[PDB]
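Asker: So that we are looking at the same thing, I have put the structure below in structure tokens.
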Number of protein chains: 2
Amino acid sequence: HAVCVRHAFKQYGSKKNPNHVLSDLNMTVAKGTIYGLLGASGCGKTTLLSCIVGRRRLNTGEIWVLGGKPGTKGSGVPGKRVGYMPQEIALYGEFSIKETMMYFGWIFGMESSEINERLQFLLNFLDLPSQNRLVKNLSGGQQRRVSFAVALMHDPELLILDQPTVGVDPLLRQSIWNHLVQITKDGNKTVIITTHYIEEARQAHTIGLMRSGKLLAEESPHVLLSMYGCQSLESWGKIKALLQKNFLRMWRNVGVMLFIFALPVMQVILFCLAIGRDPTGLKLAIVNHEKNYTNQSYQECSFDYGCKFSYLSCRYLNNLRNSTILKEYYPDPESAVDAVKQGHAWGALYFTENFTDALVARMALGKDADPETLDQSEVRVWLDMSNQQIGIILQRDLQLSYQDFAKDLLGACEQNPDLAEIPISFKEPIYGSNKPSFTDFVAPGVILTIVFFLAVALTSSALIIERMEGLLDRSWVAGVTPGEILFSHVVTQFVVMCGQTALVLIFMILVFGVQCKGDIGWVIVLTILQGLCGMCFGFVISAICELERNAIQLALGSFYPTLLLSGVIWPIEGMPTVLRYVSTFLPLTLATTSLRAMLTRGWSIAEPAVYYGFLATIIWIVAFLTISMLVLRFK
Amino acid sequence: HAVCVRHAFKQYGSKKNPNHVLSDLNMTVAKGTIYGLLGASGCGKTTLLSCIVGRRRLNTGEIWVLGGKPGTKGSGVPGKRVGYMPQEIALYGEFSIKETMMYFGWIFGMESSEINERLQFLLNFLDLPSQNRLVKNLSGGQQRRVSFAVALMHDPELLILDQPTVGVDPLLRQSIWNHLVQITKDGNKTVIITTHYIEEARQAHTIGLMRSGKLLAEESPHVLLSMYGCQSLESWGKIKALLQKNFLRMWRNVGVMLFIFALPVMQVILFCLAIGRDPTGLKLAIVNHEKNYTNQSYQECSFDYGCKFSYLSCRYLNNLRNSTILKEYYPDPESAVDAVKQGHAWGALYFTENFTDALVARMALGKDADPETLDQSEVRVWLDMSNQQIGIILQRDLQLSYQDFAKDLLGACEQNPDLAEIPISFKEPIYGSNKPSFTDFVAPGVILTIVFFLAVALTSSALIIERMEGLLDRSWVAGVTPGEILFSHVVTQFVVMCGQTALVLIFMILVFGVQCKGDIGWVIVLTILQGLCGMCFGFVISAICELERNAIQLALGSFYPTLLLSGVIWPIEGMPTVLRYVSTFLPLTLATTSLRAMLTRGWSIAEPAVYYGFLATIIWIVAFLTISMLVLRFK
Ligand SMILES: Nc1ncnc2c1ncn2[C@@H]1O[C@H](COP(=O)(O)OP(=O)(O)OP(=O)(O)O)[C@@H](O)[C@H]1O
Ligand SMILES: Nc1ncnc2c1ncn2[C@@H]1O[C@H](COP(=O)(O)OP(=O)(O)OP(=O)(O)O)[C@@H](O)[C@H]1O
Ligand SMILES: [Mg+2]
Ligand SMILES: [Mg+2]
């Protein structure tokens, strides 16, 4: 009694329109007999073979195969002792015969020195081309022989062959049907072959027949006659097996695999060469009314150097920045405000005709300057602050350049160069530098973000291409637990993840100068943990989504929200009291802050603000793994 | 006659090791005969049929089918007069029988009121379930009858079928083979059927035979059986067709279709609520040495309001900000610099015990101040500038709040609050506002990026999904040119693109209140015509990528090089001359500048900094279309 099902009850669809594919289905498969499951096109026949191998639940029925119900420790359906073959060719297209016969080879614990030994016999028995040819150029008839040979070499004790001779010449059909008889002679195997060639199935021993959702009769072919008609017929092996297949997948498309190693370097060079550097090509409209106006980009600047004050208007000029500001001269203030208005400059200074006289009478006299006097020593400037980032550095430079001009007047002729100072003294910063830049605040948040997104793109179509290329539903029967496909995907992608994580760190620290006052060793550990969380975030997306087009847009749709909720281009303190609290329990918000306290401040792991990032990035790794595992086990 | 090939040559393998599948291949199909093409399993049989229909091109040979060669206007192979059923089931699984019949119905130009009668007749002839049952829900035998019916209803004059009776019971196979004879009694059509069931091929009358790349016999079966043996001889219709199919695959994912309409309202609300707002929570270490130290949040602030100068340190306090700055008090500067050092504050002020005495004199003698009294009225502050963004606001607030304190002293007893500012007066900005903010600079340029990236997510898995669900190999034969497949892919996605582009604009201008001074009419056109470039950019990715795994990686991996090279978070003036010059020739760098000159400045299209964005992004739309045309047309 290899297979025996009692009172099967299955149906498709809703209760309003039931299908009722199977009603009773009482059958018995003996040991050592070629069970032929003949029938009619339309009844439930494949749904019974797929229920024997435990691919579909029997819907409140009694089943018993090789000892017990499929998928139970008391049975043997999932394992090396049960053969299988799908109705359609479930074969990987990028694997050659010598590789597709070895991927299924040592899943069943088969030695590598015997798979090759028996491959020659299997290739000589049924005609096939050289073993080096990939199984995608094979014809429609040679793609069925490979499938027949793949799930027959391991010598099981039960065969679930269905339609194994569709698309072959009659001689090859006889040769195939002459093989199942020979291996079954000495009571060592059972065959459940079902075929649509009713005449060809006369060699069976327990020919079956189905009429309406149940077996009609199960007798010998020579006994079925004279009663109904007159004449004729009316572990370590599994892990290694699917680890050389993931590695082989990347090697098949060399040129694209090398592209992923040229993305982090290109994504980093652009960032370091664009963000942070100040503008150096902004012009100005100077209309100083104390010297003759000749030409346009030219004006005299021969002022006086010493105690005697003269031409002070062209002493503030040439004292401002000589590189970031370009000087162009206009004769009339009503023309300077015109040029900037039509986008020909970024501002317009204006020095009154009596500027030196008005300025020398404002410093000599203290707290006794009349309103008229303190109205012509002013430097009127109209700023085109429509950029909110260039006008900020323009108004931050004009007044800052006046400090040097003020010190030059005082520190060279009259007194010490310290009177012209605001009482607010900023001393020396404890941790940072007195000249902050936008390229130092954002770089901590970019290195942890580039790695996170690259890992997401890597493991985004990993769990979704298993059904794309087949070789999955027929591999579940082979004993591959769902927890091993996910585990091996982590190992193969983590190896290549570290190949680009180091490139990000090397090109951001060695080639481009970024301060690393803290421990360099712990920076590497935190970065690869974030990348591991990133690749774990791509598995839940792949597991939840089913369609190929349904998963690309979901990870792609998460680009901006994690770039704003995390603190990258703006401090986390600017958000309201509710959004900020919610935006703390996220993978990236508590990691950039921890990394920002290690690159600049120089703290160690023992500080409370540093190890929180490690604690908050490990929990999400576990949470992104159990959720993905639960979904895979669910279906 | 109908089909004839003269001296056909074809090989599959590379040089020095060819396959030599076909050598001469001379045959002739008669006017109305049933040409049965039998042969061995392994010779070139399917390749001959695929070369007849133009799917594969001969190497050095002459072909002539229905009055000329395939792909030429003289021969009607890529038209409605050639039937074609493939060896494998190339049927879309998400289409019901009625839908999958009407999709092929009005491709050949069949009236909608005529397809139903033929569908009913075919369903009655060959048994099938209800017409609204999904194809993917059918069995393995009922999925072949649908394919047979699809390539037969339009009544062609030449039927090309290969293996049309694999997977069906003999009772129905006899009826299938009894139908190709009844419809061929009159001299109207030719049937070219290749089958491996040689017993059923006797009904034809032009049986062929192949040994090695060459036809062997072209004789009648009753003549072949008596020659050298006894027995066992070894365009509007097309456009509407795939426009209700694109609109159909977007209706079976209502859970996802509603999600794509919620991404724009989530990516915008997060942006407007996190970026731009000034930080509100930060503390300071105030150690004013002029009042008794009680508790940790109390200093008895009472600075004798009026003209009398007393407790000027207390007067400077409560004058910084009542909202954004918190106050915490310490007794010793050696303890204030300790608390900030271990992350318990952001700075540490320090007022000397004689602050009022040393400050009431600095404003009294003025120029004649001695160095001893100079360094006794300074508010010593140590700033923890490790954030480079909060430490700037704090540095920009301590000195800015001193201006109010200075005016509060001048304008209190007897003076005018005018002689407290530097000789630099910034007047009134021509275009911008006197208080720039970071939220108004990134807004015109994130709105374009959001639309651009969402469009890429939409049309990225379009051209790579056509070959996944079949219905393409047999669609090229049915007169469907590559031009109309992509064109039909643009209209269906442009309609849904506008459904989320308006959501971005409405939630950014109407609700949150982003200013728009220039013209609201032309902003819609620019942001709609820019998103069209984004959806055309994704078609290039799908055209040049065969494997789907390279689509997510390429599309998602080309986003950071867009933010860092378009001027979104930094003006384009800091990059070197070479990088800046190259960057202007990009779809987004010349569009944000055009848009930034419309919401802020108020300019119109006639200005020559505005229409450049329209001109420099229309070109990229054309360039992204011809490139997708060339790759899709010829590979
Ligand atoms: N996934 C499914 N969902 C719903 N009904 C299904 C499904 N698969 C098959 N059926 C229905 O179940 C019945 C039997 O299908 P089954 O797959 O068992 O046929 P079969 O014996 O393999 O067919 P054939 O010999 O014609 O290839 C049919 O009515 C079929 O439409
Ligand atoms: N894409 C391909 N690239 C290279 N060789 C190929 C390709 N397709 C088929 N071949 C080989 O060229 C020959 C063409 O075989 P073909 O597909 O015509 O066989 P067939 O008669 O349809 O097969 P069968 O009846 O066994 O299913 C075979 O030797 C096959 O192995
Ligand atoms: Mg079957
Ligand atoms: Mg064939």
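Identifiers in the structure tokens: chain A, B, ... in order shown; residue index from 1 per chain; ligand index from 1 in order shown.
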Please identify all protein, DNA and RNA residues within 6 Å of ligand 4, counting only C-alpha atoms and all ligand atoms, and report them as a list in words.

Answerer: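 Taking only C-alpha atoms and all ligand atoms into account, the residues around ligand 4 at most 6 Å away are residues 46, 87, 162 and 163 of chain B.
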
Asker: Write out the residues from the selection above, keeping N, CA and C atoms, as a PDB file, in the first residue's frame.

Answerer:
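As written to disk, again17.pdb reads:
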ATOM      1  N   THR B  46       9.910  22.696 -36.098  1.00  0.00           N
ATOM      2  CA  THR B  46       9.339  23.934 -35.586  1.00  0.00           C
ATOM      3  C   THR B  46      10.054  25.151 -36.160  1.00  0.00           C
ATOM      4  N   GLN B  87       3.386  26.234 -30.780  1.00  0.00           N
ATOM      5  CA  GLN B  87       3.566  24.929 -30.151  1.00  0.00           C
ATOM      6  C   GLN B  87       3.195  24.973 -28.676  1.00  0.00           C
ATOM      7  N   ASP B 162       1.130  23.643 -35.238  1.00  0.00           N
ATOM      8  CA  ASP B 162       2.117  22.638 -34.862  1.00  0.00           C
ATOM      9  C   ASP B 162       1.681  21.983 -33.561  1.00  0.00           C
ATOM     10  N   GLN B 163       1.443  20.681 -33.607  1.00  0.00           N
ATOM     11  CA  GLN B 163       1.006  19.932 -32.418  1.00  0.00           C
ATOM     12  C   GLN B 163      -0.212  20.630 -31.863  1.00  0.00           C
TER      13      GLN B 163
END

Asker: Please identify the residues whose atoms come within 12 Å of ligand 3, using only C-alpha atoms and all ligand atoms, and report them as a PDB file with N, CA and C atoms, in the first residue's frame.

Answerer:
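And here's selection.pdb as it stands now:
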ATOM      1  N   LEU A  37      -3.434   5.847 -14.466  1.00  0.00           N
ATOM      2  CA  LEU A  37      -4.574   6.699 -14.129  1.00  0.00           C
ATOM      3  C   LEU A  37      -5.150   7.324 -15.399  1.00  0.00           C
ATOM      4  N   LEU A  38      -5.843   6.490 -16.169  1.00  0.00           N
ATOM      5  CA  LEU A  38      -6.518   6.977 -17.360  1.00  0.00           C
ATOM      6  C   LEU A  38      -7.802   7.711 -16.978  1.00  0.00           C
ATOM      7  N   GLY A  39      -8.327   8.475 -17.926  1.00  0.00           N
ATOM      8  CA  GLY A  39      -9.531   9.236 -17.669  1.00  0.00           C
ATOM      9  C   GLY A  39      -9.937  10.045 -18.877  1.00  0.00           C
ATOM     10  N   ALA A  40     -10.739  11.077 -18.626  1.00  0.00           N
ATOM     11  CA  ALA A  40     -11.252  11.954 -19.668  1.00  0.00           C
ATOM     12  C   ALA A  40     -10.804  13.383 -19.400  1.00  0.00           C
ATOM     13  N   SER A  41     -10.538  14.121 -20.476  1.00  0.00           N
ATOM     14  CA  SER A  41     -10.086  15.505 -20.366  1.00  0.00           C
ATOM     15  C   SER A  41     -11.211  16.366 -19.808  1.00  0.00           C
ATOM     16  N   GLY A  42     -11.045  16.836 -18.574  1.00  0.00           N
ATOM     17  CA  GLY A  42     -12.049  17.665 -17.939  1.00  0.00           C
ATOM     18  C   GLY A  42     -12.307  17.286 -16.496  1.00  0.00           C
ATOM     19  N   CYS A  43     -12.187  15.999 -16.182  1.00  0.00           N
ATOM     20  CA  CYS A  43     -12.351  15.547 -14.811  1.00  0.00           C
ATOM     21  C   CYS A  43     -11.134  15.940 -13.978  1.00  0.00           C
ATOM     22  N   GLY A  44     -11.241  15.736 -12.667  1.00  0.00           N
ATOM     23  CA  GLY A  44     -10.150  16.098 -11.787  1.00  0.00           C
ATOM     24  C   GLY A  44      -9.123  14.995 -11.655  1.00  0.00           C
ATOM     25  N   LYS A  45      -8.060  15.083 -12.451  1.00  0.00           N
ATOM     26  CA  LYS A  45      -7.010  14.073 -12.491  1.00  0.00           C
ATOM     27  C   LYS A  45      -5.663  14.625 -12.058  1.00  0.00           C
ATOM     28  N   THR A  46      -5.232  15.749 -12.635  1.00  0.00           N
ATOM     29  CA  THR A  46      -4.011  16.397 -12.170  1.00  0.00           C
ATOM     30  C   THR A  46      -4.173  16.922 -10.749  1.00  0.00           C
ATOM     31  N   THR A  47      -5.378  17.369 -10.387  1.00  0.00           N
ATOM     32  CA  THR A  47      -5.637  17.825  -9.027  1.00  0.00           C
ATOM     33  C   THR A  47      -5.559  16.699  -8.004  1.00  0.00           C
ATOM     34  N   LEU A  48      -5.560  15.440  -8.443  1.00  0.00           N
ATOM     35  CA  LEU A  48      -5.359  14.314  -7.540  1.00  0.00           C
ATOM     36  C   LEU A  48      -3.883  13.973  -7.373  1.00  0.00           C
ATOM     37  N   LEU A  49      -3.125  13.956  -8.472  1.00  0.00           N
ATOM     38  CA  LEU A  49      -1.685  13.743  -8.368  1.00  0.00           C
ATOM     39  C   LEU A  49      -1.023  14.870  -7.589  1.00  0.00           C
ATOM     40  N   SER A  50      -1.454  16.110  -7.821  1.00  0.00           N
ATOM     41  CA  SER A  50      -0.947  17.245  -7.062  1.00  0.00           C
ATOM     42  C   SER A  50      -1.386  17.218  -5.607  1.00  0.00           C
ATOM     43  N   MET A  85       7.127  14.587 -11.423  1.00  0.00           N
ATOM     44  CA  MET A  85       7.283  15.202 -12.733  1.00  0.00           C
ATOM     45  C   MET A  85       6.052  16.051 -13.013  1.00  0.00           C
ATOM     46  N   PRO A  86       6.215  17.327 -13.343  1.00  0.00           N
ATOM     47  CA  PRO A  86       5.054  18.180 -13.599  1.00  0.00           C
ATOM     48  C   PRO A  86       4.495  17.966 -14.997  1.00  0.00           C
ATOM     49  N   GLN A  87       3.240  18.388 -15.168  1.00  0.00           N
ATOM     50  CA  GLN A  87       2.615  18.325 -16.484  1.00  0.00           C
ATOM     51  C   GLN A  87       3.352  19.210 -17.480  1.00  0.00           C
ATOM     52  N   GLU A  88       3.726  20.413 -17.061  1.00  0.00           N
ATOM     53  CA  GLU A  88       4.515  21.326 -17.871  1.00  0.00           C
ATOM     54  C   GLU A  88       5.990  21.211 -17.502  1.00  0.00           C
ATOM     55  N   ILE A  89       6.845  21.642 -18.427  1.00  0.00           N
ATOM     56  CA  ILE A  89       8.287  21.561 -18.229  1.00  0.00           C
ATOM     57  C   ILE A  89       8.723  22.618 -17.225  1.00  0.00           C
ATOM     58  N   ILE A 160       5.470   9.719  -9.638  1.00  0.00           N
ATOM     59  CA  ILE A 160       4.217  10.439  -9.837  1.00  0.00           C
ATOM     60  C   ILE A 160       4.222  11.038 -11.238  1.00  0.00           C
ATOM     61  N   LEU A 161       4.818  10.316 -12.186  1.00  0.00           N
ATOM     62  CA  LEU A 161       4.867  10.760 -13.574  1.00  0.00           C
ATOM     63  C   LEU A 161       3.469  11.054 -14.101  1.00  0.00           C
ATOM     64  N   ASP A 162       3.325  12.188 -14.783  1.00  0.00           N
ATOM     65  CA  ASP A 162       2.084  12.522 -15.470  1.00  0.00           C
ATOM     66  C   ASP A 162       2.407  13.054 -16.861  1.00  0.00           C
ATOM     67  N   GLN A 163       1.741  12.507 -17.874  1.00  0.00           N
ATOM     68  CA  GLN A 163       2.019  12.871 -19.275  1.00  0.00           C
ATOM     69  C   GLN A 163       3.524  12.954 -19.427  1.00  0.00           C
ATOM     70  N   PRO A 164       4.267  11.832 -19.437  1.00  0.00           N
ATOM     71  CA  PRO A 164       5.713  11.924 -19.678  1.00  0.00           C
ATOM     72  C   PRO A 164       6.146  11.646 -21.110  1.00  0.00           C
ATOM     73  N   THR A 165       5.211  11.556 -22.057  1.00  0.00           N
ATOM     74  CA  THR A 165       5.555  11.240 -23.438  1.00  0.00           C
ATOM     75  C   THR A 165       4.830  12.152 -24.419  1.00  0.00           C
ATOM     76  N   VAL A 166       4.516  13.374 -24.003  1.00  0.00           N
ATOM     77  CA  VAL A 166       3.840  14.341 -24.860  1.00  0.00           C
ATOM     78  C   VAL A 166       4.912  15.130 -25.603  1.00  0.00           C
ATOM     79  N   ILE A 192       2.856   5.695 -11.179  1.00  0.00           N
ATOM     80  CA  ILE A 192       1.489   6.204 -11.199  1.00  0.00           C
ATOM     81  C   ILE A 192       1.326   7.006 -12.489  1.00  0.00           C
ATOM     82  N   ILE A 193       1.970   6.532 -13.559  1.00  0.00           N
ATOM     83  CA  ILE A 193       1.948   7.244 -14.831  1.00  0.00           C
ATOM     84  C   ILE A 193       0.518   7.380 -15.334  1.00  0.00           C
ATOM     85  N   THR A 194       0.159   8.592 -15.750  1.00  0.00           N
ATOM     86  CA  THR A 194      -1.101   8.860 -16.429  1.00  0.00           C
ATOM     87  C   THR A 194      -0.809   9.481 -17.787  1.00  0.00           C
ATOM     88  N   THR A 195      -1.532   9.029 -18.808  1.00  0.00           N
ATOM     89  CA  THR A 195      -1.265   9.458 -20.173  1.00  0.00           C
ATOM     90  C   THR A 195      -2.570   9.500 -20.954  1.00  0.00           C
ATOM     91  N   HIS A 196      -2.536  10.208 -22.081  1.00  0.00           N
ATOM     92  CA  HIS A 196      -3.683  10.328 -22.972  1.00  0.00           C
ATOM     93  C   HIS A 196      -3.594   9.384 -24.163  1.00  0.00           C
TER      94      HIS A 196
ATOM     95  N   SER B 139      -8.016  23.855 -17.014  1.00  0.00           N
ATOM     96  CA  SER B 139      -7.133  22.704 -16.889  1.00  0.00           C
ATOM     97  C   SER B 139      -6.045  22.774 -17.959  1.00  0.00           C
ATOM     98  N   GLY B 140      -5.232  21.725 -18.052  1.00  0.00           N
ATOM     99  CA  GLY B 140      -4.172  21.681 -19.038  1.00  0.00           C
ATOM    100  C   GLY B 140      -4.654  21.253 -20.407  1.00  0.00           C
ATOM    101  N   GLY B 141      -5.874  20.726 -20.472  1.00  0.00           N
ATOM    102  CA  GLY B 141      -6.445  20.297 -21.732  1.00  0.00           C
ATOM    103  C   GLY B 141      -7.408  21.311 -22.310  1.00  0.00           C
ATOM    104  N   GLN B 142      -8.079  22.063 -21.437  1.00  0.00           N
ATOM    105  CA  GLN B 142      -8.966  23.133 -21.867  1.00  0.00           C
ATOM    106  C   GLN B 142      -8.224  24.425 -22.179  1.00  0.00           C
ATOM    107  N   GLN B 143      -6.950  24.528 -21.802  1.00  0.00           N
ATOM    108  CA  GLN B 143      -6.133  25.673 -22.180  1.00  0.00           C
ATOM    109  C   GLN B 143      -5.584  25.559 -23.594  1.00  0.00           C
ATOM    110  N   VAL B 166      -2.100  17.820 -28.480  1.00  0.00           N
ATOM    111  CA  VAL B 166      -1.310  17.285 -27.378  1.00  0.00           C
ATOM    112  C   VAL B 166      -1.992  17.694 -26.079  1.00  0.00           C
ATOM    113  N   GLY B 167      -2.460  16.710 -25.323  1.00  0.00           N
ATOM    114  CA  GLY B 167      -3.158  16.956 -24.084  1.00  0.00           C
ATOM    115  C   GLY B 167      -4.666  16.887 -24.159  1.00  0.00           C
ATOM    116  N   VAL B 168      -5.222  16.151 -25.117  1.00  0.00           N
ATOM    117  CA  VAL B 168      -6.665  16.009 -25.267  1.00  0.00           C
ATOM    118  C   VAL B 168      -6.990  14.536 -25.464  1.00  0.00           C
ATOM    119  N   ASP B 169      -8.171  14.128 -25.007  1.00  0.00           N
ATOM    120  CA  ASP B 169      -8.585  12.742 -25.135  1.00  0.00           C
ATOM    121  C   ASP B 169      -8.804  12.386 -26.606  1.00  0.00           C
TER     122      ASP B 169
END

Asker: Got a sec: who's within 7 Å of region 113-128 of chain B, counting only C-alpha atoms, leaving out chain neighbours fewer than 2 positions off, as a PyMOL selection string?

Answerer: chain B and resi 105+110-111+130+142+149+153

Asker: Can you write out the residues you just picked, keeping N, CA, C and O atoms, as an mmCIF file, in the first residue's frame?

Answerer:
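Done, and the output landed in out_0.cif:
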data_model
loop_
_atom_site.group_PDB
_atom_site.id
_atom_site.type_symbol
_atom_site.label_atom_id
_atom_site.label_comp_id
_atom_site.auth_asym_id
_atom_site.auth_seq_id
_atom_site.Cartn_x
_atom_site.Cartn_y
_atom_site.Cartn_z
ATOM 1 N N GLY B 105 -10.215 39.362 -31.473
ATOM 2 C CA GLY B 105 -11.350 39.552 -32.351
ATOM 3 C C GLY B 105 -11.200 40.741 -33.274
ATOM 4 O O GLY B 105 -11.145 40.579 -34.496
ATOM 5 N N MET B 110 -12.832 42.660 -36.907
ATOM 6 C CA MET B 110 -14.105 41.967 -36.779
ATOM 7 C C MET B 110 -15.071 42.809 -35.958
ATOM 8 O O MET B 110 -14.693 43.382 -34.932
ATOM 9 N N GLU B 111 -16.316 42.885 -36.420
ATOM 10 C CA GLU B 111 -17.336 43.647 -35.713
ATOM 11 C C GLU B 111 -17.639 43.015 -34.361
ATOM 12 O O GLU B 111 -17.648 41.789 -34.218
ATOM 13 N N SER B 130 -18.091 27.895 -18.951
ATOM 14 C CA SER B 130 -18.712 29.196 -19.169
ATOM 15 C C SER B 130 -17.703 30.198 -19.722
ATOM 16 O O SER B 130 -16.513 30.167 -19.396
ATOM 17 N N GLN B 142 -8.079 22.063 -21.437
ATOM 18 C CA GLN B 142 -8.966 23.133 -21.867
ATOM 19 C C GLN B 142 -8.224 24.425 -22.179
ATOM 20 O O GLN B 142 -8.820 25.337 -22.761
ATOM 21 N N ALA B 149 -9.037 27.614 -30.780
ATOM 22 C CA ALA B 149 -10.166 28.419 -31.238
ATOM 23 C C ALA B 149 -9.739 29.844 -31.570
ATOM 24 O O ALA B 149 -10.311 30.474 -32.467
ATOM 25 N N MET B 153 -10.967 31.456 -35.545
ATOM 26 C CA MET B 153 -12.263 32.111 -35.690
ATOM 27 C C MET B 153 -12.290 33.112 -36.841
ATOM 28 O O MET B 153 -13.327 33.263 -37.496
#

Asker: Show me, as a ChimeraX atom specification, the residues that have an atom within 12 Å of residue 292 (chain A) when counting only C-alpha atoms, minus same-chain residues fewer than 3 positions from it.

Answerer: /A:287-289,295-296,298-301,329-331,353

Asker: CA of residue 147 (chain A) to CA of residue 145 (chain B): how many Å, to one decimal?

Answerer: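 Spanning CA of residue 147 (chain A) to CA of residue 145 (chain B) is a straight-line distance of 24.8 Å.
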
Asker: Would you mind listing what lies within 12 Å of residue 496 (chain B) as a list in words, with only C-alpha atoms counted and same-chain residues fewer than 6 positions away left out?

Answerer: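 These residues fall inside the cut-off: residues 246, 247, 250, 257, 258, 260, 261, 454, 455, 458, 459, 489, 490, 502, 503, 528, 531, 532 and 535 of chain B.
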
Asker: Kindly indicate which residue among B:53, B:597, B:284, B:526 lies nearest to chain A, using only C-alpha atoms for the distances.

Answerer: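 So, comparing all the options, the nearest one is B:597.
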
Asker: Using only C-alpha atoms, which protein or nucleic acid residues come within 10 Å of residue 376 (chain A)? Drop anything in the same chain fewer than 6 positions from it, and give the result as an MDAnalysis selection string.

Answerer: (chainID A and resid 351:359) or (chainID B and resid 423)

Asker: Would you kindly report the residues of chain A within 6 Å of chain B, using only C-alpha atoms, as a VMD selection string?

Answerer: chain A and resid 41 168 to 169 196 267 271 274 277 to 279 378 to 386 388 423 to 427 429 to 432 436 441 457 549 552 to 553 561 573 to 575

Asker: For C-alpha atoms, I'd like the residues from the last selection saved as a PDB file, in the first residue's frame.

Answerer:
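See selection.pdb below for the written result:
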ATOM      1  CA  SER A  41     -10.086  15.505 -20.366  1.00  0.00           C
ATOM      2  CA  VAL A 168       8.199  12.747 -28.712  1.00  0.00           C
ATOM      3  CA  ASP A 169       8.420  10.380 -31.663  1.00  0.00           C
ATOM      4  CA  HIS A 196      -3.683  10.328 -22.972  1.00  0.00           C
ATOM      5  CA  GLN A 267      27.262  58.179  -6.706  1.00  0.00           C
ATOM      6  CA  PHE A 271      28.107  64.158  -4.096  1.00  0.00           C
ATOM      7  CA  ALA A 274      28.679  69.286  -5.975  1.00  0.00           C
ATOM      8  CA  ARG A 277      31.339  74.134  -2.234  1.00  0.00           C
ATOM      9  CA  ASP A 278      30.311  77.781  -2.160  1.00  0.00           C
ATOM     10  CA  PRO A 279      29.292  79.716  -5.290  1.00  0.00           C
ATOM     11  CA  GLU A 378      25.630 104.267   4.339  1.00  0.00           C
ATOM     12  CA  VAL A 379      26.272 101.694   1.619  1.00  0.00           C
ATOM     13  CA  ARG A 380      22.889 101.098  -0.004  1.00  0.00           C
ATOM     14  CA  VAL A 381      22.588  97.589  -1.455  1.00  0.00           C
ATOM     15  CA  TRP A 382      19.548  96.069  -3.176  1.00  0.00           C
ATOM     16  CA  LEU A 383      19.784  92.271  -3.085  1.00  0.00           C
ATOM     17  CA  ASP A 384      18.056  89.895  -5.510  1.00  0.00           C
ATOM     18  CA  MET A 385      17.387  87.331  -2.784  1.00  0.00           C
ATOM     19  CA  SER A 386      15.268  85.092  -5.025  1.00  0.00           C
ATOM     20  CA  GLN A 388      17.509  81.912  -0.709  1.00  0.00           C
ATOM     21  CA  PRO A 423      30.607  92.107  23.134  1.00  0.00           C
ATOM     22  CA  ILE A 424      29.352  88.624  22.188  1.00  0.00           C
ATOM     23  CA  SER A 425      32.549  86.546  22.085  1.00  0.00           C
ATOM     24  CA  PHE A 426      32.176  83.012  20.745  1.00  0.00           C
ATOM     25  CA  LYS A 427      35.464  81.631  22.158  1.00  0.00           C
ATOM     26  CA  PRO A 429      33.919  75.478  20.040  1.00  0.00           C
ATOM     27  CA  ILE A 430      34.076  72.410  22.259  1.00  0.00           C
ATOM     28  CA  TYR A 431      33.381  69.822  19.545  1.00  0.00           C
ATOM     29  CA  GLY A 432      32.876  71.408  16.119  1.00  0.00           C
ATOM     30  CA  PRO A 436      30.712  75.047   9.731  1.00  0.00           C
ATOM     31  CA  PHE A 441      26.687  67.898   8.357  1.00  0.00           C
ATOM     32  CA  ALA A 457      17.795  47.356  -5.055  1.00  0.00           C
ATOM     33  CA  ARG A 549       5.499  45.108 -11.654  1.00  0.00           C
ATOM     34  CA  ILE A 552       9.434  47.655  -8.308  1.00  0.00           C
ATOM     35  CA  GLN A 553       7.236  50.658  -7.477  1.00  0.00           C
ATOM     36  CA  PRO A 561       9.808  59.317   2.731  1.00  0.00           C
ATOM     37  CA  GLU A 573      14.430  68.948  15.922  1.00  0.00           C
ATOM     38  CA  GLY A 574      12.505  70.996  13.340  1.00  0.00           C
ATOM     39  CA  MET A 575       9.561  68.607  13.097  1.00  0.00           C
TER      40      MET A 575
END
